[PDB]
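Chains, contacts and geometry: an overview
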2 protein chains.
Amino acid sequence: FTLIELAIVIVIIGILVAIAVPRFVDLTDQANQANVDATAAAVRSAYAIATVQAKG
Amino acid sequence: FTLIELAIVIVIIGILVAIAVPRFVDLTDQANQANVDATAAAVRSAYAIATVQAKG
């Protein structure tokens, strides 16, 4: 590579770095809560259906 | 209505049915006999009263 091409590369690397980038976040607490809540809704419906099947 | 309320209804209907209930009975024979007998008593009295009115 010519020295000019390396100079251009040295410039552009410095500009394509110094972007923002997202953090990874452990969102499993929020997702676990929604899983527990959705499951609780399912248990209530499953119970209601069971009261008809059981006739009691 | 909720599924629970319908389940409760399905239970209670099954218990308020399966009572006893009386048959209707054609008791007109027994009543007709009593009418004929009571009328026969009246005819005897009406006759007795008539024997006084008729003087014979």
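Residues numbered from 1 in each chain as written, not as in the entry; some residues may be left out. Chains lettered and ligands numbered in written order. Part of a larger assembly, values for the part shown. Heavy atoms only, no water.

Per the deposition metadata, cryo-EM was the technique used to determine this entry, at a resolution of 2.63 Å.

**Let's talk about the overall build of chain A**
On a plain count of helices and strands, chain A comes out with two helices and zero strands. The C-alpha radius of gyration computed for chain A amounts to 29 Å, which surpasses the reference 10 Å derived for 56 residues by more than 25%, pointing to a less compact arrangement than a globule. Structurally, chain A occupies a C-alpha span of about 85 × 20 × 10 Å along its principal axes. Total accessible area on chain A stands at roughly 5,300 Å², and carbon and sulfur atoms take up 70% of it. (Helix = DSSP H or I, 4+ residues; strand = E, 2+ residues; numbered from the N terminus. Rg over C-alpha atoms; globule rule 2.2 N^0.38 Å. Areas by Shrake-Rupley, 256 points an atom, 1.4 Å probe, with all protein chains shown as cover.)

**Thoughts on the UniProt feature "transmembrane region" in chain A**
In this numbering, the UniProt entry assigns the feature "transmembrane region" to residues 1-21 of chain A. A helix fraction of 67% and a strand fraction of 0% characterise residues 1-21 of chain A, whose end C-alpha atoms lie 31 Å from each other. (UniProt positions renumbered as here; feature names shortened; annotations may be inferred.)

**Focus on the interface of chain B and chain A**
Chain B puts five residues into the contact, and the matching count from chain A is seven residues. Surface buried jointly by chain B and chain A totals about 440 Å² across both partners, of which 90% is contributed by carbon and sulfur atoms. Of all residues in chain B, the largest losses of buried area upon contact with chain A belong to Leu3(B), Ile4(B) and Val11(B), amounting jointly to 68% of the total for that side. For the pair chain B and chain A, the number of links is zero residue pairs in polar contact. Among the residues making up the side of chain B that touches chain A, the classes are represented as five nonpolar, no polar and no charged. (Contact = heavy atoms within 4.5 Å. Buried area = accessible area lost by both parts, 1.4 Å probe. Polar contact = N/O pair within 3.5 Å; in protein donor to acceptor, adjacent residues only side chain to side chain. Nonpolar A, V, L, I, M, F, W, Y, C, P; charged D, E, K, R; others polar.)

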